[PDB]
Amino acid sequence: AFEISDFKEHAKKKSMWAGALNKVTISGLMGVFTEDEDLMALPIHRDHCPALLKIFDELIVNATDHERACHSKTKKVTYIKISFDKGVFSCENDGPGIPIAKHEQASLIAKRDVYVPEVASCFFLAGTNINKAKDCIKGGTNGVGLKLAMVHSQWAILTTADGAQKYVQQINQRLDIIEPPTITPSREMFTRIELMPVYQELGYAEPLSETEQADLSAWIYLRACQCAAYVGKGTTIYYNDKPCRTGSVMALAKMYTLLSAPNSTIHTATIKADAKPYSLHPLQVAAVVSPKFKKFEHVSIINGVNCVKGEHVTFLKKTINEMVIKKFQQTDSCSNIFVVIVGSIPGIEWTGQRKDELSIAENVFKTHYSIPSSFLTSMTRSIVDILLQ
Ligand SMILES: Nc1ncnc2c1ncn2[C@@H]1O[C@H](COP(=O)(O)OP(=O)(O)NP(=O)(O)O)[C@@H](O)[C@H]1O
Ligand SMILES: [Mg+2]
C-alpha cells in the first residue's frame with residue numbers, strides 16, 4: 001500500500017503541480033474578445049481545466065523569462081509568437097537558443113547521450129534557475145514548468161537553433177517516448193515549443209467543441225496581451241501571427257473596462273523605489289474608478305506571471321484607504337477600483353508551482369517604494385465623489 005512514484009506518473013494524477021486535472025470553476029476566469037476593432041476582456045462563466053491553461057502559461061512565462069534575460073544583452077528577444085489552431089499550441093521566441101551541447105550529468109544519469117534541450121524539457125527539477133539569486137526577476141524558478149507541458153501533451157516538438165546548429169526533438173505520449181534529436185547546420189536562432197495537449201484526458205471534447213475552442217482562444221489571447229504590457233519596448237507579442245498591441249497598462253485597463261465603464265478616466269502612476277535592486281524595477285499602474293464596479297479588482301502581471309494575490313496589492317489599497325478616510329472625513333474605500341499593476345519585483349517567493357500568490361514582507365513596499373502623490377490625490381477625489389453620492 002506504500003507506493004513510490006516517479007515524477008512523470010505523479011504529475012499526471014496530482015493537482016499540486018499545475019492545478020486540477022479536469023474542469024472546475026475558476027474564479028475570475030477571463031478572455032479577450034474582438035468586437036469590430038475593439039478588444040474587450042470578458043468573463044468566461046464556464047468550468048475549465050486549470051492544468052490545461054497552465055500548459056500554455058508555463059511556455060509563455062518561459063518566453064517572457066528569456067526576454068528579460070536577454071534585454072540588456074547584445075542579442076535580444078524581439079518577438080514572442082503564440083499560436084493556437086486545431087488544438088495545436090505553440091510558443092516561439094528569438095534570442096539565443098537553448099545550447100545545443102551534450103549535458104554531461106544528464107548523460108551519466110540516463111546512460112546515453114542527453115543534450116541540454118532534452119534536460120530542459122524532459123528532466124524534472126532542472127533548468128537555469130535552480131540556484132536563482134534573490135534579485136532575479138524571472139518567473140521561472142523550479143525547473144518544472146516545461147516538463148509539465150510535456151507530460152500533458154500527446155505529442156510535442158522542441159525546436160531550437162543557436163546560430164550554428166538546429167535541434168529538433170519529438171517528446172511524445174506524456175513524456176513516455178523521447179525520440180533522439182535531429183541536429184543540423186543552421187544560421188537561425190530561436191526556441192520553439194509546439195504541442196497537442198491531452199484535451200480529452202483533461203475533460204474536453206475530442207476534438208474541442210466550438211465553445212471550448214472559443215473560450216481557450218480568448219484565454220490565450222488575453223494572456224498574450226498581458227505579456228505585451230510586461231515585455232520590453234523592443235519586443236512584439238503575436239497571437240496567431242497578429243500583433244497584440246496592448247503595450248501599456250493603460251491599454252490593459254481600457255480592455256478590462258470597455259464594457260463596464262467605457263470612456264472612463266484612467267489614473268496612471270509609475271511606482272518607483274529608492275535603492276537597488278528595487279530601483280531597477282519601476283511598477284506601472286493604471287486604474288479606473290467607477291460606481292458601477294461592485295468590488296475591488298486587480299490584474300497583476302508580476303515577473304511575467306499573472307499573480308492573483310500579493311502584498312503589492314495590499315500596499316496600494318492601504319495607501320489609498322488612508323487618504324480616502326482623511327478626505328472623506330473633511331466633509332469600502334476600494335470597492336470602486338479596478339487596477340492594473342505590471343512590472344518586476346525582486347525577492348518575491350511563489351507559494352506553489354502555479355505561482356498564483358507571491359510572498360514578501362509588506363515592509364518592503366513601506367521602506368522602499370513611493371506611490372506618486374498625483375495618482376493618490378486623483379484616485380481619492382474620484383472615490384470620495386462616489387462616497388458622497
Ligand atoms: N522559450 C525558452 N527560451 C529559452 N530558454 C528556455 C525557454 N523555455 C525554457 N528554457 C530553458 O529551459 C529551462 C527549463 O524550463 P522550465 O522547466 O520551465 O524551468 P524554469 O522556467 O527554470 N522554472 P519553472 O518554470 O518555475 O518550473 C529554463 O530554466 C530555461 O533555461
Ligand atoms: Mg519555466
# chains A, B, ... in the order shown; residues from 1 in each chain; ligands from 1

$ residues_near_ligand --ligand "ligand 2" --cutoff "12 Å" --atoms "only C-alpha atoms and all ligand atoms" --output "MDAnalysis selection string"
chainID A and resid 54:66 120:121 124:130 138:149 303:305 353:355

$ write_last_selection --atoms "C-alpha atoms" --output "JSON list (two decimals), in the first residue's frame"
[["chain", "number", "residue", "atom", "x", "y", "z"],
["A", 54, "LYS", "CA", -1.04, 26.09, -17.13],
["A", 55, "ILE", "CA", 0.47, 24.23, -20.11],
["A", 56, "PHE", "CA", 0.09, 27.44, -22.07],
["A", 57, "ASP", "CA", 1.19, 29.66, -19.18],
["A", 58, "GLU", "CA", 4.38, 27.70, -18.49],
["A", 59, "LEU", "CA", 5.50, 28.16, -22.11],
["A", 60, "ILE", "CA", 4.52, 31.82, -22.19],
["A", 61, "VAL", "CA", 6.36, 32.65, -18.97],
["A", 62, "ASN", "CA", 9.44, 30.79, -20.25],
["A", 63, "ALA", "CA", 9.43, 33.11, -23.27],
["A", 64, "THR", "CA", 8.97, 36.25, -21.16],
["A", 65, "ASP", "CA", 11.73, 34.99, -18.85],
["A", 66, "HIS", "CA", 14.05, 34.74, -21.83],
["A", 120, "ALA", "CA", 15.31, 21.47, -20.24],
["A", 121, "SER", "CA", 12.19, 19.68, -21.48],
["A", 124, "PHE", "CA", 12.21, 17.42, -13.62],
["A", 125, "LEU", "CA", 13.89, 19.86, -11.21],
["A", 126, "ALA", "CA", 16.22, 21.02, -13.97],
["A", 127, "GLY", "CA", 16.93, 24.36, -15.57],
["A", 128, "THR", "CA", 18.97, 27.53, -15.27],
["A", 129, "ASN", "CA", 17.20, 28.87, -12.15],
["A", 130, "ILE", "CA", 17.92, 26.09, -9.66],
["A", 138, "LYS", "CA", 12.41, 35.80, -13.99],
["A", 139, "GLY", "CA", 9.21, 34.00, -13.10],
["A", 140, "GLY", "CA", 10.87, 30.63, -13.59],
["A", 141, "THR", "CA", 12.43, 29.07, -10.52],
["A", 142, "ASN", "CA", 11.71, 25.34, -10.12],
["A", 143, "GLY", "CA", 12.92, 23.63, -13.30],
["A", 144, "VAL", "CA", 9.46, 22.06, -13.61],
["A", 145, "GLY", "CA", 7.17, 24.08, -15.88],
["A", 146, "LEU", "CA", 8.30, 22.85, -19.31],
["A", 147, "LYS", "CA", 8.13, 19.24, -18.13],
["A", 148, "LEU", "CA", 4.51, 19.81, -17.08],
["A", 149, "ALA", "CA", 3.75, 21.00, -20.60],
["A", 303, "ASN", "CA", 7.70, 38.93, -13.12],
["A", 304, "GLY", "CA", 5.67, 37.98, -16.20],
["A", 305, "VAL", "CA", 3.20, 35.91, -14.11],
["A", 353, "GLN", "CA", 4.49, 25.86, -8.89],
["A", 354, "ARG", "CA", 1.32, 27.54, -10.22],
["A", 355, "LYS", "CA", 2.56, 30.95, -8.96]]

$ residues_around --residues "residue 233 (chain A)" --least-positions-apart "4" --cutoff "10 Å" --atoms "only C-alpha atoms" --output "ChimeraX atom specification"
/A:71,78,228-229,247-248

$ atom_distance --atom1 "CA of residue 315 (chain A)" --atom2 "CA of residue 387 (chain A)"
21.6 Å

$ residues_around --residues "region 195-209 of chain A" --least-positions-apart "4" --cutoff "7 Å" --atoms "only C-alpha atoms" --output "PyMOL selection string"
chain A and resi 21-23+49+87-90+152-157+213

$ write_last_selection --atoms "N, CA, C and O atoms" --output "JSON list (two decimals), in the first residue's frame"
[["chain", "number", "residue", "atom", "x", "y", "z"],
["A", 21, "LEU", "N", -6.90, 18.60, -12.64],
["A", 21, "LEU", "CA", -6.72, 17.89, -13.89],
["A", 21, "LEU", "C", -8.03, 17.55, -14.59],
["A", 21, "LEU", "O", -8.05, 16.68, -15.47],
["A", 22, "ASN", "N", -9.11, 18.22, -14.23],
["A", 22, "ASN", "CA", -10.32, 18.18, -15.04],
["A", 22, "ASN", "C", -10.97, 19.54, -14.84],
["A", 22, "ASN", "O", -10.39, 20.44, -14.22],
["A", 23, "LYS", "N", -12.17, 19.71, -15.39],
["A", 23, "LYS", "CA", -12.82, 21.01, -15.38],
["A", 23, "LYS", "C", -13.41, 21.33, -14.01],
["A", 23, "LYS", "O", -14.15, 20.53, -13.42],
["A", 49, "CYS", "N", -10.29, 23.45, -17.25],
["A", 49, "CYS", "CA", -9.25, 22.70, -16.55],
["A", 49, "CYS", "C", -8.05, 23.59, -16.24],
["A", 49, "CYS", "O", -7.35, 24.01, -17.17],
["A", 87, "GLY", "N", -6.36, 22.90, -32.05],
["A", 87, "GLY", "CA", -5.86, 22.31, -30.82],
["A", 87, "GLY", "C", -4.36, 22.40, -30.62],
["A", 87, "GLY", "O", -3.89, 22.21, -29.49],
["A", 88, "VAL", "N", -3.60, 22.66, -31.67],
["A", 88, "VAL", "CA", -2.15, 22.73, -31.55],
["A", 88, "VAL", "C", -1.77, 24.08, -30.96],
["A", 88, "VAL", "O", -2.21, 25.13, -31.43],
["A", 89, "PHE", "N", -0.93, 24.04, -29.93],
["A", 89, "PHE", "CA", -0.43, 25.24, -29.28],
["A", 89, "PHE", "C", 1.07, 25.34, -29.53],
["A", 89, "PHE", "O", 1.79, 24.35, -29.42],
["A", 90, "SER", "N", 1.55, 26.54, -29.85],
["A", 90, "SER", "CA", 2.98, 26.74, -29.97],
["A", 90, "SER", "C", 3.37, 28.09, -29.39],
["A", 90, "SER", "O", 2.57, 29.03, -29.35],
["A", 152, "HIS", "N", 1.60, 16.70, -20.23],
["A", 152, "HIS", "CA", 0.21, 16.83, -20.62],
["A", 152, "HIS", "C", 0.02, 16.97, -22.12],
["A", 152, "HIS", "O", -1.02, 17.47, -22.57],
["A", 153, "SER", "N", 0.98, 16.50, -22.91],
["A", 153, "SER", "CA", 0.91, 16.56, -24.36],
["A", 153, "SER", "C", 0.87, 15.15, -24.93],
["A", 153, "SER", "O", 1.66, 14.30, -24.52],
["A", 154, "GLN", "N", -0.05, 14.91, -25.88],
["A", 154, "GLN", "CA", 0.03, 13.64, -26.60],
["A", 154, "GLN", "C", 1.22, 13.61, -27.53],
["A", 154, "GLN", "O", 1.78, 12.54, -27.78],
["A", 155, "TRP", "N", 1.59, 14.75, -28.08],
["A", 155, "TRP", "CA", 2.82, 14.88, -28.83],
["A", 155, "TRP", "C", 3.34, 16.30, -28.63],
["A", 155, "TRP", "O", 2.56, 17.23, -28.40],
["A", 156, "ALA", "N", 4.66, 16.46, -28.74],
["A", 156, "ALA", "CA", 5.29, 17.76, -28.63],
["A", 156, "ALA", "C", 6.56, 17.75, -29.46],
["A", 156, "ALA", "O", 7.17, 16.70, -29.67],
["A", 157, "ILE", "N", 6.95, 18.93, -29.94],
["A", 157, "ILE", "CA", 8.18, 19.11, -30.70],
["A", 157, "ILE", "C", 8.92, 20.29, -30.10],
["A", 157, "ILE", "O", 8.38, 21.41, -30.05],
["A", 213, "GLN", "N", -13.17, 25.69, -27.87],
["A", 213, "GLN", "CA", -12.19, 26.35, -28.72],
["A", 213, "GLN", "C", -12.25, 27.86, -28.55],
["A", 213, "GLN", "O", -11.21, 28.52, -28.39]]

$ closest_residue --among "A:2, A:328, A:369, A:33" --to "residue 222 (chain A)" --atoms "only C-alpha atoms"
A:33
